[PDB]
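Enquirer:
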Amino acid sequence: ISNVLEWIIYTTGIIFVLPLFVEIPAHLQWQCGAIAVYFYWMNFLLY
Amino acid sequence: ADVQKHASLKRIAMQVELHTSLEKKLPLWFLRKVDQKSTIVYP
Amino acid sequence: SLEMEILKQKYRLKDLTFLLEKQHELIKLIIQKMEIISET
Amino acid sequence: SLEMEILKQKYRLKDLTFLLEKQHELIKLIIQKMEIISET
Amino acid sequence: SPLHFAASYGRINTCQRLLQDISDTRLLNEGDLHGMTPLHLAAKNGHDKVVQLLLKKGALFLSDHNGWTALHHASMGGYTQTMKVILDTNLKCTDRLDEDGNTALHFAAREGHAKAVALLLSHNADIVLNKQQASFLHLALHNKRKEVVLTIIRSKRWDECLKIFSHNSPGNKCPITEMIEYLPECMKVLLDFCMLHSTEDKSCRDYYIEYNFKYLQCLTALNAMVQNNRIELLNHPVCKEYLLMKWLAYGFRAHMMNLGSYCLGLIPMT
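Residue numbers (the entry's author numbering), protein chains in the order written: chain A, 803 to 849; chain B, 965 to 1007; chain C, 1039 to 1078; chain D, 1039 to 1078; chain E, 448 to 665, 683 to 734.
What follows is the structure, given as structure tokens:
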């Protein structure tokens, strides 16, 4: 699953920081944050 | 228990598979510059 | 059964080495009694 | 005890093959010194 | 027929009579049903006083139908007294090849006669591949001949024995990988030559020990030890230090560089 977890960490970690450019709701900003932060630490176990 | 039956060999099997995967990917001149044919230890 | 299988193996090898050491005492008895002439 | 029972059986099998190796050298000594006539 | 039987069974007094009444060399050199000759029959059964007497009478190192020499039979049987007699007459005999490309040293090693391997090897036998692309060391290994391979590692000639192998073969690889595949307790003995204590007392501040890796290189050796489950060779101090050295060479820096490239996103997001 190492490919899939990395696929999730990049695609979702964009949306948690996108406010730096395109305006995005707080709700989505932190829905993506909740997912991205989780998978960043789960996929750290594979390192 | 099955993982721990072969546990000591699995540590070393993972290490040598890691080092050999890197030895395939590093450039030949780097392995020649950086590897060493013998080493001393002072217990 | 291996907790006794090798014990029966012990006793078969033991009577085998006893048979061989009796056969050796007969081969010595041949050379001791054998008529040797020509190949002296 | 099988972690040594087979090992004692090895040393008995080793002395058994050493005894047979000493006995083959006497059977050869018989044919070497034997009187052969009427079989040639 | 008679001399063949007499020489096959060491009947030295019968031989002295067979070669006294008849001075013809056509009997002394007579081909047998199997293509053999009295000097082969004597050597094959390990008679050192008959093979000497036939050589003193002027026998010829001829060849069997299978192509075997007198020294090949003497080696196949492990009869050092007869090999020492043969070699003392004609050391030029030693390199002869049978009709399948084996030499005397191949037969000695394939059968497991260490004294016989040791005698040929120290009397300057020519190490070579047979027609199946295999050396004497390779033959000893594929027949799990521990004493013969241990005698070769102890030899004054070991490095010449190790250099000679078929790189184009899957069956006769580097002898170190074949030793791991068949005789790991000989590989343990070989790795003990890679370690040399210099001060004999571990409490002394100047005490040191050196590890040499020349057998682990061309990770082919440790890959072979893992693929053959050799946990007692993996845990040998030369192998532990070889891995730790490979990790300090580049493995640590390569891991921390990859893990650091990930940590660059991990820490900022928290």
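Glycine included, every Cβ here is placed at the ideal spot set by N, Cα and C.
Are the region 992-1002 of chain B and the region 709-716 of chain E touching by the rule of at least three beta carbon pairs closer than 8 Å?
Expert: Yes, since at least three Cβ pairs between the region 992-1002 of chain B and the region 709-716 of chain E fall closer than 8 Å, the two stretches touch.
Enquirer: Looking at the unbroken beta strand (DSSP E) that takes in E:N460, where does it start and where does it end?
Expert: No beta strand (DSSP E) contains E:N460, which is instead part of the alpha helix (DSSP H) from 459-468.
Enquirer: Around the Cβ of E:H644, are there at least 16 other Cβ atoms within 10 angstroms (buried) or fewer (exposed)?
Expert: exposed
Enquirer: So which of E:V532, E:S725, E:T529, E:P622 has the shortest CA-CA distance to E:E607?
Expert: E:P622
Enquirer: By the criterion of Cβ-Cβ separation under 7 Å, what are the contact partners of C:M1042 in chain D?
Expert: Ordered by position in chain D, no residue passes the 7 Å Cβ test against C:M1042, which lies about 10 Å from the chain.
Enquirer: Residues of chain D with a CB under 7 Å from the CB of E:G729: which are they?
Expert: Neighbours of E:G729 in chain D, taken as residues whose beta carbon is under 7 Å from its own, are absent, since the nearest beta carbon is some 54 Å off.
Enquirer: Determine, using beta carbons only, whether E:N699 comes closer than 8 Å to chain C.
Expert: Under the Cβ criterion of 8 Å, E:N699 is not counted among the residues facing chain C.
Enquirer: To the nearest angstrom, how far is the alpha carbon of E:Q691 from that of E:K620?
Expert: Here the alpha carbons of E:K620 and E:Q691 stand approximately 15 Å from one another.
Enquirer: Residues of chain D with a CB under 8 Å from the CB of C:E1059: which are they?
Expert: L1057
Enquirer: Is E:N659 helix, strand or coil when you go by DSSP?
Expert: strand
Enquirer: Between E:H451 and the ligand ZN, is there a pair consisting of the residue's CB and a ligand heavy atom that are separated by less than 7 Å?
Expert: No copy of the ligand ZN occurs in the structure displayed, which carries no ligand at all.
Enquirer: Given a cut-off of 8 Å on the beta-carbon distance, is the pair E:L567 and E:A555 in contact?
Expert: yes
Enquirer: If I follow the unbroken beta strand (DSSP E) through E:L643, where does it start and stop?
Expert: 642-644
Enquirer: Under the assumption that E:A561 contacts E:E594 (Cβ atoms under 8 Å), give the Cβ distance between them as a whole number of angstroms.
Expert: 4 Å
Enquirer: Is the CB-CB distance between E:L518 and E:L501 below 8 Å?
Expert: no
Enquirer: How many angstroms separate the CA atom of E:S613 from the CA atom of A:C834?
Expert: 60 Å
Enquirer: By the three-class DSSP mapping on this structure, what secondary structure does B:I1004 have?
Expert: strand
Enquirer: Quick check: what's the CA-CA separation for E:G457 versus E:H494?
Expert: 5 Å
Enquirer: Taking Cβ-Cβ distances shorter than 8 Å, what residues in chain D pair up with C:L1054?
Expert: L1054
Enquirer: Within 10 angstroms of its Cβ, does E:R557 collect 16 or more other Cβ (buried), or is it exposed?
Expert: buried
Enquirer: Taking all protein chains shown into account, do 16 or more other C-beta atoms lie within 10 angstroms of the C-beta of E:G525, making it buried, or fewer, making it exposed?
Expert: buried
Enquirer: Strictly below 9 Å CB to CB, what residues from chain D border C:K1048?
Expert: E1043, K1046, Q1047, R1050
Enquirer: By how many angstroms is the C-alpha of E:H589 removed from the C-alpha of residue 680 of chain E?
Expert: Residue 680 of chain E cannot be placed in this structure, since chain E goes from 665 to 683 without the numbers between.
Enquirer: Look at the alpha carbon of E:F452 and the alpha carbon of E:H585, and state the distance between them as a whole number of angstroms.
Expert: 36 Å
Enquirer: How many angstroms separate the CA atom of A:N805 from the CA atom of B:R975?
Expert: 23 Å
Enquirer: Along the chain, where does the alpha helix (DSSP H) containing E:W711 start, and where does it finish?
Expert: From DSSP, E:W711 is part of no alpha helix (DSSP H); its letter is neither H nor E.
Enquirer: So that I know if they touch, is there some Cβ in chain B lying closer than 8 Å to that of E:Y655?
Expert: yes
Enquirer: Closer than 8 Å, CB to CB, is E:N492 near chain C or not?
Expert: no
Enquirer: Which residues, taken in chain order from the region 615-635 of chain E, show a beta carbon closer than 7 Å to some beta carbon of chain B?
Expert: none
Enquirer: Spell out whether any CB of chain B is found under 8 Å from the CB atom of E:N692.
Expert: no
Enquirer: In chain order, what residues of the same chain lie with their CB nearer than 7 Å to the CB of E:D545, ignoring the 5 residues before and after it?
Expert: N513, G514, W515, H519
Enquirer: For a test of the three-state rule: what should DSSP assign to E:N615, helix, strand or coil?
Expert: Coil at E:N615, not helix or strand.
Enquirer: Determine, using beta carbons only, whether A:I811 and A:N845 come nearer to each other than 8 Å.
Expert: yes
Enquirer: Using DSSP with H/G/I as helix, E/B as strand and the rest coil, what is E:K578?
Expert: coil
Enquirer: Is E:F716 close to chain B? Criterion is C-beta to C-beta, closer than 8 Å.
Expert: no
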